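Below is one structure; the comments refer to it alone.
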Amino acid sequence: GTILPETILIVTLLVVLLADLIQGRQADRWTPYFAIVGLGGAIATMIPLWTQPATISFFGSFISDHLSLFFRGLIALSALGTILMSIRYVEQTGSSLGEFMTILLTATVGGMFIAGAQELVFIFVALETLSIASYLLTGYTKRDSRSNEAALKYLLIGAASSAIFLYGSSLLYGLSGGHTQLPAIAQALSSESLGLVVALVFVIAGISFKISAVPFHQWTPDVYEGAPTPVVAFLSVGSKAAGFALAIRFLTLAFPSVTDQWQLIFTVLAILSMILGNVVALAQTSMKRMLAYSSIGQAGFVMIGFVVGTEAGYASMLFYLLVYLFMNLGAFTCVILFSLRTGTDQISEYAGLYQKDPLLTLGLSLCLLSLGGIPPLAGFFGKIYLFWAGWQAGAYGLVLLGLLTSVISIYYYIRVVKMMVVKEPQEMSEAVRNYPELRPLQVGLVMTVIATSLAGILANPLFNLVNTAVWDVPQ
Amino acid sequence: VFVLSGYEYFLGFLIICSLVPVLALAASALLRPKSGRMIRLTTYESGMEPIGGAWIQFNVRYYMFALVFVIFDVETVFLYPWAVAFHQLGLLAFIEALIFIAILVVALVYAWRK
Amino acid sequence: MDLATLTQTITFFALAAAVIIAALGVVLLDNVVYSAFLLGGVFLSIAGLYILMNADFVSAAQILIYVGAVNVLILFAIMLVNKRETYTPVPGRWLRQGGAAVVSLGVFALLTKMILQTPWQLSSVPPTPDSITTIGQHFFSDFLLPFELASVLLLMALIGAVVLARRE
Amino acid sequence: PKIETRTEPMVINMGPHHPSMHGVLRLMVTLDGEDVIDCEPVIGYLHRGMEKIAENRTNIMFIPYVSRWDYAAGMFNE
Amino acid sequence: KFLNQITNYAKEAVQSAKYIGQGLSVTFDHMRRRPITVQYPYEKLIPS
Amino acid sequence: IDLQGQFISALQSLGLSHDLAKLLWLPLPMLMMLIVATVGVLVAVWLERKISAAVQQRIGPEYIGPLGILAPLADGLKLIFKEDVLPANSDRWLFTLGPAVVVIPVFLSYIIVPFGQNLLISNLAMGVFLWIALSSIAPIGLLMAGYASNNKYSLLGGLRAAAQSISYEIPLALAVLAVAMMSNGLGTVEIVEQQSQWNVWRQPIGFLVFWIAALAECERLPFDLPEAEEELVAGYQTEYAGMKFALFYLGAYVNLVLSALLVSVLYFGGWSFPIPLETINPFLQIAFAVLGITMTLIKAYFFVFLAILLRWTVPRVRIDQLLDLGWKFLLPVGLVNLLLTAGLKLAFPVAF
Amino acid sequence: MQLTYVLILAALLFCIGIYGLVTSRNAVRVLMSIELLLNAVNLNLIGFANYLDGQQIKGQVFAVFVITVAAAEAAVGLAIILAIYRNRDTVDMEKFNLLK
């Protein structure tokens, strides 16, 4: 009943089948296009059911308020960018393309489902679609030992964390009589208890694996090195957005809006994440590993974002996450476009690139600088709005600490610019001596860099968006 | 509370059927020659002795079929209550289950073309 | 204080002892083939435990999928990777175990402290025998999205394993 | 009890004790995953010494030996 | 392109079923013909 | 005549704790089904042994007893009397446990075959689905027999036993789903009380599906690859000498008998001289009971006969020609049959 | 036969699965423990279904989806293990340490 909130998802689902069928018949087709078309059609279908109708529930198993619209459109854009990146990156390796985009769209459908769910079974199944698709994409290039090792380790860890989440969900069904819903669960048990806290903590363990928070982080660095790069580019953004949507829609709504100790636990995890990622990425040599620990720190900034729920911390998370999408996808487009041509190597080989390819230098420089909180750039506005919200409620240590760790993270964000710009032709590396100098990647990089360089001052149109979105969450 | 009515024979019959092998086999040791252990223990490689090393040269020729079997065998468990409730359900659950079956058939065609 | 509730009790404790012993056999035994067969034994004993709890369809399904299909898959994958198990020990081979043990043990106690502290809602009503028609109704009334979406889950898993174990 | 698989071609023995009629014959065969690269056929399990028995045996004395070469048809050789 | 494949498929199936039923009828015909067995110890055979 | 009632009441007349009385009626049918199972094994062995001689202008055993009636008696008593040998590096626990694992569930699945209404053990609401489940345990015993033997010759042919048994359970399931449509459930009594005047006429395709998937349970010379005597001697069985080989032998024939009885109850019915019976009273109940038992055994015998008669009509298939039946002829056709029956029950709910 | 000891038995399987998950030397021997954990959660769900929420069983369905996804995930895991066996030619999980 009421499949209208479902249209987008099944629309994408349709093309999944299609992108296999044309891939099963032809074996060499033009499937990179019209996947973009259906994702655009989905994001277009989002507007008629954004605010024109009121929020409604499918059968009580799925609600499509503005928050779900936000997260679904976000994950769709992440998949779109990752496709535009991965077309000529996976073709460079001796591997297929149809199964790849099939699995990527499947993860996307899972993450677009989990952002609008309020029932335990369906949460688990969507979570497992996205998780298993990630387990595959991590190891899709099984010619290398490290890719397969990362896929194995990520699969096993995620299976264990999912089983813990599943135990906790079982308890939360147990407690309050039947109730596998979420608005009815945090409805028949409304008081502190031991078992409710155990269920809380196990669900925190299940979610932190998704949002890369520490100590639940050990998969991100190894996996982001080993895995395919555009896979990582979708993985970080989309898995995080699904994880945070799950965190809100579970902890706030289905779970309990009573036992608010989880705020304390997220303060602990955010403190540790800031102190760990931005400090330990400072001692690295690879880009992908650096971006992993960066992603951890950025997650910490978000986690202080939504630990202060006052109708602005949540909004700040949402905006900063929208903005981190653009920023991180741009950085990954640049490292793709560098690793393809000649380099295929680590940080020290970027030196002297400003003479050969200035466009890539502009792109990656602006993206890395925005990640560190540099003025006019979108990440700066995201971080200052996080600080505004988290300071308004009364968290004082978190704001100072996140500011300080941003001041620390600018160092390893600027090392890359020292390479790409400052290093003179007497200090090029061997990779850049023989640098030569695809189309969808370039247009994606431009569409991304102009966004992260202009969507900080053009912010009112998409602060009204987010504050319209977050009327719905309890507080 | 136990509402299954139709058991209390499954248990005892699991017991008696787990007791026929151990008892027909225990009624053999009581009357049979003992062991003869020197060279009757060797391994049948058609009269000749085994070569040595003794490996198998493993292959996916029997793994992949178990994989797709796990898939299509998990699938059937979603179909028994469908068939059994098809009286009560009627239409809009046949339309809604041929989707399941069609996506299954797409998986089947994928495995078939390879 | 009865014969019909006594058989349930004796069968339950026998099956539980079998489960625990066979799981410890899965985890402690050095040889892994014995562990796989004992894992199948665990699956059968749990399928027999479900029948005491008025779940027969899911019991037959556990006997049909896990022991029937997954356990066979493990018994293939295990001889795929047997090379006489030539493993030299590490100095901390005991240390890790101890850590795991105390950690694991704590969790058990912690969970037990919950299970005996919280006032469950026993809901004294006779359950329903028809535990298969009802699941059919729930696949198309309440839990329809997981049905429709586990469809594509299974598709994607097939597409993945078929192209991750392929020999090339 | 087990056999310790490895990524190498497998050698198997189709020994003298065939479950068939096609004489007694070895076929030490090496395979690559239910294939066949080659095989050493170790025939020789039925050499009893005709060609040196036929030097102390005149024609009429030797002619019953002769019908044991082709056990199926003992007149293409008589 | 696709319909012809299904027709050839069904044709192979039908021809296989027919060539199996042929041997079926043959063996079911052999089980009325008298046994040519020589029940030796009671039905010995006379040498030449 | 409700023999349960009189057995309990006459036994409740001299006391004996009426609950205990209901407890003490359990083993009677539970062993009666073992009796008819063992008898069906003896009959199947003798039948194959004489009909495989009729096909060839041969005469089977006639010096054992009158007509070979005591031939499997001799076989079984011998195999008791034979030595058992445990080869060099083989495991001691798994070796003498493989055959038990592959033999037990086939007996345990005799808790559903009717032979007559209220003349069975404990009609389960699950019924045939439990058979489809328990039949999937045999490959574990086969792989056990393969691993628990230093004979690479065995393990090389025990894996292909867990390649066909793991291949002809899906269409075997779909063909019985097609029956679960019609019959309001899965119990055998409900599959068959739907016939009051048969499913074969309305399942003309699923008959072939079920019947090819049942013959191909590592049973018969159309496939029976894991005992391919000519390809590789007795596969996994060649190190099993005494009563263990008898367990394997027993298991094959008793599974064949179960398949025949189960085709009978599914598609034809263990009752129903094809006129609408019960149109024409203890002395009448004891008559229709015998009539239903007899007709059940008639149809089961016809299927045993056809099964053994394919063994001597149909040369085997390697392994690729085999597994191109599953997933290429039985599974697509089973899906088509399921969808067809579903659509017809949606359109024409009458008659189903 | 009571809910309490069913929960305790499931928690004991959970404990044992963690012990096998940390103690494992092989890499195929970890999925076994994971499956034990999933079995334990199924056991809890079925207990809750019998005692707490009976007239409309709702945990049995969730256990069906659990055994489904667990079978699929074990499939994918063994597929990955078959691939790492191609390169490293072992499953000694303490040899997969590509970081210092």
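Here, each number is a calculation from the coordinates, and none is a lab measurement. Reconstructed Cβ throughout: ideal geometry from the backbone, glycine too, with neighbour counts over all protein chains shown.
A few remarks follow.
- Residue that is more than 14 Å from chain D (Cβ to nearest Cβ), buried (at least 20 other Cβ atoms within 10 Å of the Cβ) and either out of contact with any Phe, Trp or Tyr (no Cβ under 8 Å at 6 or more places or on another chain) or within 30 Å of F:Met243 (Cα to Cα) (or both), where the choices are B:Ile15, B:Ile71: B:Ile71
- Test: residue in segment F:216-235 that is part of a helix (DSSP H, G or I), buried (at least 20 other Cβ atoms within 10 Å of the Cβ) and touching a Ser or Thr at 6+ places or on another chain (Cβ under 8 Å): yes
- Helices (runs of 4 or more DSSP H) enclosed by segment F:91-144 - at least 3 residues per element that are away from chain C (no Cβ under 13 Å): F:98-108
- Of all residues in segment G:45-100 being assigned to a helix (DSSP H, G or I) and of a type in the set (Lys, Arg), the one that is nearest to C:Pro89 (Cα to Cα): G:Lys95
- Scanning segment G:16-31 for residues that are closer than 21 Å to C:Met53 by Cβ and facing another protein chain (nearest Cβ under 7 Å) yields a count of 1.
- Test result for A:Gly24, out of contact with any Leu (no Cβ under 9 Å at 6 or more places or on another chain), more than 19 Å from A:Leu321 (Cβ to Cβ) and surrounded by fewer than 19 Cβ atoms within 10 Å (Cβ to Cβ): yes
- Any hit, segment B:19-41, residues being under 30 Å from F:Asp19 (Cβ atoms), of a type in the set (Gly, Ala, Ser) and either out of contact with any helix residue (DSSP H, G or I) (no Cβ under 8 Å at 6 or more places or on another chain) or away from chain D (no Cβ under 14 Å) (or both): no
- Residue within segment F:174-196 that is farther than 30 Å from F:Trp271 by Cα, surrounded by 21 or more Cβ atoms within 10 Å (Cβ to Cβ) and within 14 Å of chain C (Cβ to nearest Cβ) present: no
- Residue in segment C:123-131 that is in a loop (DSSP other than H, G, I, E, B) and among the hydrophobic types (A, V, I, L, M, F, W, C) present: yes
- Residues in segment C:119-132 that are surrounded by fewer than 21 Cβ atoms within 10 Å (Cβ to Cβ) and at the interface with another protein chain (Cβ under 7 Å from one of its Cβ atoms): C:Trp120, C:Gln121, C:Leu122, C:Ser123, C:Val125, C:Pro126, C:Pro127, C:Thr128, C:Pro129.
- Any strands (runs of 3 or more DSSP E) falling wholly within segment D:1-54 and containing at least 3 residues that are away from chain B (no Cβ under 11 Å) and exposed (fewer than 15 other Cβ atoms within 10 Å of the Cβ): none
- Scanning segment F:54-79 for residues that are more than 24 Å from the chain's Cα centre (by Cα) and not charged (D, E, K, R) returns F:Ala54, F:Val55, F:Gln56, F:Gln57, F:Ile59, F:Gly60, F:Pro61, F:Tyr63, F:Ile64, F:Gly65, F:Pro66, F:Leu67.
- Restricting A:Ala431, A:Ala459, A:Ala451 to residues that are of a type outside the set (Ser, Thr, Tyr), touching a helix residue (DSSP H, G or I) at 6+ places or on another chain (Cβ under 8 Å), in a loop (DSSP other than H, G, I, E, B) and surrounded by 15 or more Cβ atoms within 10 Å (Cβ to Cβ) narrows the list to A:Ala459.
- Tallying residues that are out of contact with any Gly (no Cβ under 6 Å at 6 or more places or on another chain), more than 9 Å from chain B (Cβ to nearest Cβ) and on the phi < 0 side of the Ramachandran plot within segment F:324-351 yields 12.
- Leading residue by the ranking (nearest to the chain's Cα centre (by Cα)) among those in chain E that are surrounded by 10 or more Cβ atoms within 10 Å (Cβ to Cβ) and among the basic types (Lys, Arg): E:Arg33
- Criterion: in contact with a helix residue (DSSP H, G or I) (Cβ under 6 Å, 6 or more places away or on another chain) and more than 14 Å from chain E (Cβ to nearest Cβ) - qualifying residue of F:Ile69, F:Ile59, F:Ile80: F:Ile80
- Residues that are of a type in the set (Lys, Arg) and either facing chain F (nearest Cβ under 8 Å) or not in a helix (DSSP H, G or I) (or both) within segment E:11-48 comprise E:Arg32, E:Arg33, E:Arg34, E:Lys44, listed in sequence order.
- So G:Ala11, is it of a type outside the set (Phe, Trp, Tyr) and more than 7 Å from every other protein chain (Cβ to nearest Cβ): no
Table: residues versus (1) part of a helix (DSSP H, G or I); (2) within 11 Å of chain F (Cβ to nearest Cβ); (3) exposed (fewer than 15 other Cβ atoms within 10 Å of the Cβ).
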{"site": "C:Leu6", "(1), (2), (3)": "yes, yes, yes"}
{"site": "C:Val33", "(1), (2), (3)": "yes, yes, no"}
{"site": "C:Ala61", "(1), (2), (3)": "yes, yes, no"}
{"site": "C:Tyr66", "(1), (2), (3)": "yes, yes, no"}
{"site": "C:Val72", "(1), (2), (3)": "yes, yes, no"}
{"site": "C:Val81", "(1), (2), (3)": "no, no, no"}
{"site": "C:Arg84", "(1), (2), (3)": "no, no, yes"}
{"site": "C:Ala101", "(1), (2), (3)": "yes, no, no"}
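- Selection status of B:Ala93, more than 14 Å from chain D (Cβ to nearest Cβ) and in contact with a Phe, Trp or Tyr (Cβ under 6 Å, 6 or more places away or on another chain): yes
- Count of residues meeting criterion [within 27 Å of G:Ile81 (Cβ to Cβ) and either within 10 Å of chain C (Cβ to nearest Cβ) or surrounded by fewer than 24 Cβ atoms within 10 Å (Cβ to Cβ) (or both)] in segment A:110-129: 6
- Residue match in segment B:98-108 (condition: within 18 Å of F:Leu344 (Cβ to Cβ) and out of contact with any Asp or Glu (no Cβ under 6 Å at 6 or more places or on another chain)): yes
- In this structure, A:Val307 does satisfy being under 19 Å from A:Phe209 (Cα atoms) and outside any helix (DSSP H, G or I).
- Among residues of segment C:17-31 being surrounded by fewer than 19 Cβ atoms within 10 Å (Cβ to Cβ) and either polar (S, T, N, Q) or assigned to a helix (DSSP H, G or I) (or both), the one that is nearest to the chain's Cα centre (by Cα) is C:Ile20.
- Residue that is nearest to F:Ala213 (Cα to Cα), among those in segment F:276-313 that are within 14 Å of chain E (Cβ to nearest Cβ) and among the β-branched types (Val, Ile, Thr): F:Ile308
- Yes/no for C:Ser45 being in contact with a helix residue (DSSP H, G or I) (Cβ under 6 Å, 6 or more places away or on another chain), facing chain G (nearest Cβ under 8 Å), part of a helix (DSSP H, G or I) and of a type outside the set (A, V, I, L, M, F, W, C): no
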